[PDB]
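Q: To start, I am sharing the structure in question, which I have written as structure tokens.
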Amino acid sequence: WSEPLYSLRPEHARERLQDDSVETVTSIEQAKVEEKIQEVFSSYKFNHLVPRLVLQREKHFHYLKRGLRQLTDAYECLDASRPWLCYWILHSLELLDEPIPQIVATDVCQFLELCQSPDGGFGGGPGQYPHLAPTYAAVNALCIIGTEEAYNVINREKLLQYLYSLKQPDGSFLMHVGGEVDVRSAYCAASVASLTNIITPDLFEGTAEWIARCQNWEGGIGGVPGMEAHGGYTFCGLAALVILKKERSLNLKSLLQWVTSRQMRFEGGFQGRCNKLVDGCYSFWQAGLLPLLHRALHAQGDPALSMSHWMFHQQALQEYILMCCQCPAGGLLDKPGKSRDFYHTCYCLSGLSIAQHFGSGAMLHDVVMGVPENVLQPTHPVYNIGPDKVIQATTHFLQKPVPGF
Amino acid sequence: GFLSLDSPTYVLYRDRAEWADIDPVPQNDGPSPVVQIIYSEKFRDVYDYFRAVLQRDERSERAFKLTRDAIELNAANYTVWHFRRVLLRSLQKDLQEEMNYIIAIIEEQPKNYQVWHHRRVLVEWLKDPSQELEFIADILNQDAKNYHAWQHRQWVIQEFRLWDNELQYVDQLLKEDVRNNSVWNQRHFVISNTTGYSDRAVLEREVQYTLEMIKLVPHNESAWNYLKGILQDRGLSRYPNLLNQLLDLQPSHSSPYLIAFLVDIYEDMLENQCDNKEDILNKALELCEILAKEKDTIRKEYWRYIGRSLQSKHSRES
Ligand SMILES: CCCCCCNC(=O)Oc1ccc(C[C@@H]2CN(Cc3cncn3C)c3ccc(C#N)cc3CN2S(=O)(=O)c2ccc(OC)cc2)cc1
Ligand SMILES: CC(C)=CCC/C(C)=C/CC/C(C)=C/COP(=O)(O)OP(=O)(O)O
Ligand SMILES: [Zn+2]
């Protein structure tokens, strides 16, 4: 009689868009997606079968194992982002509990070595100039591997010089020399600096306050001061402030009201901005804010915080990802009718994990929709690598002094 | 002087006589590559020659034309854009001609960062914003929510102090799509950098416009966020007519957004020690649980937290 799946319940039909008989581009586009998603939800009834949600682990594994080695010319557009592809693919395998052969581990290491610039940082491929984005990916990939060889690839002295060469007077960082600033650049710098123990007392002077200038009237964070609030930039902003221990710079209440409002009542997934469309990659960028806010608000003694669940619909997000974001041939995607890619595979899986695992001190509590085999390894909400990979990396680099001390 | 990449008579660089003096530089991926992209012949050929001119630092007209093709094949390659800028300066290239180029490429690939940054560098070299607002308005007419387009517009308006006609643009677009959250954000950007909201004539005008938009489209969340946005850091309870006016909308214009705004009003009242705590407090909880259980269950965990934080600090307690 009862329906275990929230999206399939009779009541759920009431969550459809009310357009008040005023049609605009944005309402027409939202209605189209909801029509498509409703077909997906309904297909069990129409075909007269019992629903069972399974994460197609074997299909995803084959897709990733192969991509780690070879990519079609569809990825020409990502030829300046090869360290990103290493990170997205390696993180997806770590989430699926698939070990990395020592062989491929060493081949990734040697490839990333080739991407490293003599003046510090990593570029998008061999011989390319350095940029903060591929620097982040490269450092994260190397930490996922987590061997001594991997740690030893990184030139910490040059890395620090490189970060200084990008730091601006107003607190901000350029993405690369001759590039411009972004909230993302602050996160990339803080992520890489904190993991490899190279944070000097003045490196991030002004940075918390520059980030705080990016929070707007909406509650969320834009890419630069004055710009609309967006999930990817909000993730980067809050996570950078967590690393700097400056979360308090933000209005956390307006921030919480903002993210939580970004979950779609019908689809169950998240949108990136208000009045735009659901997309699977925001499973991570938006939902990953919730574990960061929880820990923030707990550190101020908020006694009203749940001890079993994050402040989003964990079940509805899982249902979106599992029913709407899997490609049957393997890999994951933005929404039904889009093409699979390694980026969405990474962030859809990261989002699924977040949704499955609550943790607040001694309190641990899982929610696993569908078959119990669907459980993933946990991910650290700041760095989006395994929490074990974070401890271990931070410990190893704490053995050395901040250059030069 | 150019041979287009989609020309039926396009020829690979390795088959061009003008390039015979130079040896291409194949990509070094090592003896056992990872994430190895199986490039098309055309892509590999352009990039083998780009590597050669980059490594020799050849600052020539032929190198400049080659950056064009390299960019067209991967417009995210920031190394090629940097070299192209070095070449524009060394060759003393005409920067209006290069402006004409970047306009065409942005039109084709409007969601690329490198392309907008390049335009910015050109505008700052030339000290000339005169084409910008009209150009951007053309991109926004195709996608009114393009993030890079809105950001370039803000930068332009800020650096060259071009505020005078922007609120009018905002009004035009809000009429085209009143749910466009980028336009609501641009409204706030203009007002807060011109007259400000710490006024009456302006403010009252803003609250009135919004309540009027809310009435036309009660489930448009953008207007609701704007209303809250322009009132909230003063304290919602500073405006005592607002409660009653919202309650008057409910029986004909109800939404989870209206009820949620009611709860924000009650919370500020409670924080500023209004008249009649338990009265106000209980109204709020009633609402919280209506949203959690019935009207906004996707947020059940948030609304149960709000119900909880409230009780925790505005009950009868000492
Ligand atoms: C390692 C060198 C990197 C050089 C800079 C890369 N940029 C960066 O680090 O900052 C970022 C800025 C934006 C992104 C997100 C985009 C998002 N997209 C497009 C997208 C995602 N969801 C909906 N959409 C439309 C995608 C899409 C697919 C893939 C894959 N695989 C990767 C991205 C990552 N980037 S993107 O700008 O590099 C990009 C945009 C459009 C594309 O066409 C499909 C491909 C990539 C990621 C990083
Ligand atoms: C660490 C790092 C560099 C992270 C990346 C952060 C990130 C996700 C940035 C997004 C930038 C952007 C222009 C989004 C708009 O996309 P859109 O309009 O195509 O999609 P949308 O409509 O859903 O916003
Ligand atoms: Zn996406």
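Order determines the names: the first chain of the structure tokens is A, the second B, and so forth; residues in each chain are numbered 1 upward, and ligands are numbered 1 upward as they are shown.
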Env of segment 167-184 of chain B: 9 Å cut, atoms = only C-alpha atoms, seq-sep filter 3 positions within chain, self excluded. Answer as number ranges by chain.

A: A: 23-27, 227-228, 273-276; B: 144-147, 150, 163-164, 187-191, 213, 217, 220-223, 226

Q: Go through the chains and note each residue within 9 Å of ligand 1, using only C-alpha atoms and all ligand atoms, then give the set as a PyMOL selection string.

A: (chain A and resi 74-75+77-86+88+122-125+130-138+175+184-185+188+232+279-282+333-334+339-345) or (chain B and resi 76-78+111-113)

Q: Would you please give, as a PyMOL selection string, all residues of segment 21-128 of chain B that DSSP assigns to helix (DSSP H, G or I) based on the backbone?

A: chain B and resi 41-56+61-73+78-90+95-108+113-126

Q: Would you write out those residues with C-alpha atoms, as a CSV table (one decimal), in the first residue's frame?

A:
```csv
chain,number,residue,atom,x,y,z
B,41,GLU,CA,44.6,14.9,-37.5
B,42,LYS,CA,43.7,18.5,-37.9
B,43,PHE,CA,44.0,19.3,-34.1
B,44,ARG,CA,47.3,17.4,-33.6
B,45,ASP,CA,48.8,19.2,-36.7
B,46,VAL,CA,47.9,22.7,-35.5
B,47,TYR,CA,49.1,22.0,-32.0
B,48,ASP,CA,52.5,20.4,-33.2
B,49,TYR,CA,53.2,23.7,-35.0
B,50,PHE,CA,52.0,25.9,-32.1
B,51,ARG,CA,54.4,24.1,-29.8
B,52,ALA,CA,57.2,24.8,-32.3
B,53,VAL,CA,56.5,28.6,-32.5
B,54,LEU,CA,56.0,28.7,-28.7
B,55,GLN,CA,59.3,27.1,-27.9
B,56,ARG,CA,61.3,29.2,-30.4
B,61,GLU,CA,52.6,37.1,-38.6
B,62,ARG,CA,52.5,33.4,-39.4
B,63,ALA,CA,52.6,32.6,-35.7
B,64,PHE,CA,49.7,35.1,-35.1
B,65,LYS,CA,47.5,33.4,-37.7
B,66,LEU,CA,48.3,30.0,-36.3
B,67,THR,CA,47.0,31.1,-32.8
B,68,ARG,CA,43.7,31.8,-34.5
B,69,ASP,CA,43.4,28.2,-35.6
B,70,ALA,CA,44.7,26.8,-32.3
B,71,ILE,CA,42.1,28.9,-30.5
B,72,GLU,CA,39.3,27.8,-32.8
B,73,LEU,CA,40.1,24.1,-32.1
B,78,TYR,CA,44.9,29.8,-21.9
B,79,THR,CA,48.5,29.2,-23.0
B,80,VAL,CA,47.6,30.1,-26.7
B,81,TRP,CA,45.7,33.2,-25.6
B,82,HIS,CA,48.7,34.5,-23.6
B,83,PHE,CA,50.9,34.0,-26.7
B,84,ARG,CA,48.4,35.7,-28.9
B,85,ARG,CA,48.5,38.7,-26.6
B,86,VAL,CA,52.3,38.8,-26.6
B,87,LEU,CA,52.0,38.8,-30.5
B,88,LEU,CA,49.5,41.6,-30.6
B,89,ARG,CA,51.9,43.8,-28.7
B,90,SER,CA,55.2,42.7,-30.5
B,95,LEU,CA,43.5,46.5,-31.8
B,96,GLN,CA,40.2,47.5,-33.4
B,97,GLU,CA,40.6,44.7,-35.9
B,98,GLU,CA,41.3,42.3,-32.9
B,99,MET,CA,38.2,43.7,-31.2
B,100,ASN,CA,36.3,42.7,-34.4
B,101,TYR,CA,37.8,39.2,-34.1
B,102,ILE,CA,36.8,38.7,-30.3
B,103,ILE,CA,33.3,39.9,-31.0
B,104,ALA,CA,32.8,37.1,-33.6
B,105,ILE,CA,34.3,34.4,-31.4
B,106,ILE,CA,32.2,35.4,-28.3
B,107,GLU,CA,29.1,35.3,-30.5
B,108,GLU,CA,30.0,31.6,-31.3
B,113,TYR,CA,36.0,32.4,-19.9
B,114,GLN,CA,39.1,33.0,-22.0
B,115,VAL,CA,37.2,34.9,-24.6
B,116,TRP,CA,35.6,37.4,-22.2
B,117,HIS,CA,38.9,38.0,-20.4
B,118,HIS,CA,40.6,38.7,-23.8
B,119,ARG,CA,37.9,41.3,-24.6
B,120,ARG,CA,38.6,42.9,-21.2
B,121,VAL,CA,42.3,43.2,-21.9
B,122,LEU,CA,41.5,44.9,-25.2
B,123,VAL,CA,39.1,47.4,-23.7
B,124,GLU,CA,41.7,48.3,-21.1
B,125,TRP,CA,44.5,48.7,-23.7
B,126,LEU,CA,42.3,50.9,-25.8
```

Q: Restrict the distance test to only C-alpha atoms, flag each residue of chain B within 6 Å of chain A, and return the flagged residues as a list in words.

A: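 Residues of chain B within 6 Å of chain A, counting only C-alpha atoms: residues 34, 35, 36, 37, 38, 39, 74, 77, 79, 177, 185, 217, 229, 298, 301, 302, 308 and 309 of chain B.
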
Q: Identify, on the basis of only C-alpha atoms, every residue whose closest approach to residue 357 of chain A does not exceed 10 Å; exclude the query and any residue fewer than 3 positions from it along the same chain; express the result as JSON, numbers by chain.

A: {"A": [291, 308, 309, 310, 314, 352, 353, 354, 364, 365, 366, 367, 368, 375, 376, 377, 378, 379]}

Q: Could you jot down the atom CA of residue 102 of chain A to atom CA of residue 330 of chain A separation for me, Å, one decimal place?

A: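 Taking atom CA of residue 102 of chain A and atom CA of residue 330 of chain A, their separation equals 24.4 Å.
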
Q: Using only C-alpha atoms and all ligand atoms, which of A:283, A:350, A:147, A:191 sits nearest ligand 3?

A: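 For ligand 3, the nearest of the candidates is A:283.
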
Q: Neighbours of residue 282 of chain B within 12 Å (only C-alpha atoms; same-chain residues fewer than 6 positions away dropped), as a PDB file with N, CA and C atoms, in the first residue's frame?

A:
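That gives us selection02.pdb:
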```pdb
ATOM      1  N   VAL B 263       7.239  33.828   8.469  1.00  0.00           N
ATOM      2  CA  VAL B 263       8.077  33.296   9.542  1.00  0.00           C
ATOM      3  C   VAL B 263       9.310  34.156   9.802  1.00  0.00           C
ATOM      4  N   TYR B 266       7.985  37.145  11.827  1.00  0.00           N
ATOM      5  CA  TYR B 266       7.795  36.726  13.240  1.00  0.00           C
ATOM      6  C   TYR B 266       9.112  36.541  13.984  1.00  0.00           C
ATOM      7  N   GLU B 267      10.134  36.045  13.290  1.00  0.00           N
ATOM      8  CA  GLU B 267      11.437  35.838  13.933  1.00  0.00           C
ATOM      9  C   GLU B 267      12.102  37.158  14.344  1.00  0.00           C
ATOM     10  N   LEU B 270      10.237  38.615  17.394  1.00  0.00           N
ATOM     11  CA  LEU B 270      10.721  37.902  18.586  1.00  0.00           C
ATOM     12  C   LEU B 270      12.125  38.310  19.047  1.00  0.00           C
ATOM     13  N   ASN B 276       3.814  40.401  22.960  1.00  0.00           N
ATOM     14  CA  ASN B 276       3.036  39.206  22.949  1.00  0.00           C
ATOM     15  C   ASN B 276       3.815  38.061  22.381  1.00  0.00           C
ATOM     16  N   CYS B 288       5.874  26.854  10.455  1.00  0.00           N
ATOM     17  CA  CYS B 288       6.975  25.944  10.269  1.00  0.00           C
ATOM     18  C   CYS B 288       6.491  24.515   9.981  1.00  0.00           C
ATOM     19  N   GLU B 289       5.567  24.023  10.802  1.00  0.00           N
ATOM     20  CA  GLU B 289       5.118  22.652  10.662  1.00  0.00           C
ATOM     21  C   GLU B 289       4.163  22.479   9.467  1.00  0.00           C
ATOM     22  N   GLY B 307      12.002  25.675  13.429  1.00  0.00           N
ATOM     23  CA  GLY B 307      11.029  25.493  14.486  1.00  0.00           C
ATOM     24  C   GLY B 307      11.684  25.282  15.813  1.00  0.00           C
ATOM     25  N   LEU B 310      13.845  28.485  17.111  1.00  0.00           N
ATOM     26  CA  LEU B 310      12.860  29.402  17.674  1.00  0.00           C
ATOM     27  C   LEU B 310      12.481  28.998  19.117  1.00  0.00           C
ATOM     28  N   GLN B 311      11.710  27.917  19.276  1.00  0.00           N
ATOM     29  CA  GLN B 311      11.390  27.340  20.596  1.00  0.00           C
ATOM     30  C   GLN B 311      12.550  27.459  21.577  1.00  0.00           C
ATOM     31  N   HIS B 314      12.763  31.539  22.313  1.00  0.00           N
ATOM     32  CA  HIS B 314      11.646  32.471  22.532  1.00  0.00           C
ATOM     33  C   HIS B 314      10.430  31.869  23.272  1.00  0.00           C
ATOM     34  N   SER B 315      10.608  30.687  23.866  1.00  0.00           N
ATOM     35  CA  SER B 315       9.612  30.112  24.788  1.00  0.00           C
ATOM     36  C   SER B 315       9.592  30.843  26.134  1.00  0.00           C
ATOM     37  N   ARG B 316       8.636  30.467  26.983  1.00  0.00           N
ATOM     38  CA  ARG B 316       8.657  30.837  28.403  1.00  0.00           C
ATOM     39  C   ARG B 316       9.781  30.041  29.087  1.00  0.00           C
TER      40      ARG B 316
END
```

Q: Smallest atom-to-atom distance to ligand 2: which of B:240, B:218, B:110, B:256, using only C-alpha atoms and all ligand atoms?

A: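 Answer, going by the shortest atom-to-atom distance: B:110.
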